[PDB]
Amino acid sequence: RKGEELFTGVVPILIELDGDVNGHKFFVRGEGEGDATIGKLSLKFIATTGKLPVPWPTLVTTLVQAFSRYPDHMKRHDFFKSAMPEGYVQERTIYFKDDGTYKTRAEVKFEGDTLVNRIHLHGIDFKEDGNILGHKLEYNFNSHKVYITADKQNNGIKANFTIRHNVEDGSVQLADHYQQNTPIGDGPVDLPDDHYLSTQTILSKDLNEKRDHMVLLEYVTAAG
């Protein structure tokens, strides 16, 4: 099955993130399912190394855009699915306003029946008493627009957006995302006209779970 064919039903997901922020090292594993026909994810993440040194919401965008719902008239613009099963590399720079920066590199691809997202994350120049290392971010998420454009030279796409993180004092912590994706195989892909992804996400907990963790529900639809 190739491209969009791999997403004609519920697909199991494995996510693994190795992170290092200001020298603080942690690992997160996530598992669950995605249904691209309706643009839906259901995931549970565990911090296997103990309590995270950063707030869970700062990791959400790093922790599978192939599961976005692309309506039929837009299927010709679905770079993410078109790269499957071989997959794509996803890199970002994330600038937390008045604070540090995340640099991330990931491979998103099928390993057998499972869609896997393996990530390496760096965090630099974070303030010890800032919102991130100070854990002042609310455990929730907001709704965003992800702008996507083609990158013909690299046979891929670029994306940019700003995440809004609610701070415990009512303020909002912005995080500017700059994104590049490039196919792993060689490996023809869909190169899209400009469009966007509309995102909505809920962060919850598992009442039976004692480990530091995050339950995530996400709905994303392509438009424009």
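Residue numbers here begin at 1 and follow the sequence given.
According to the entry, the deposited sequence runs straight from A175 to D176 with no unmodelled residues in between. Judged by mean Cα B factor in the deposited record, 184 to 192 ranks above the other of 184 to 192 and 22 to 30.
As the entry records it, the average C-alpha temperature factor is higher for 146 to 154, out of 99 to 107 and 146 to 154. Looking at the C-alpha B-factors along this chain, the one for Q65 belongs to the middle third.
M84 sits in the lowest third of its chain by CA B factor, as recorded in the PDB entry. Per the deposited record, the Cα B-factor of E16 falls in the lowest third when ranked against the other modelled residues of its chain. Per the deposited record, the Cα B-factor of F45 falls in the lowest third when ranked against the other modelled residues of its chain. Compared with the other modelled residues of the chain, the Cα B-factor recorded for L52 ranks in the middle third.
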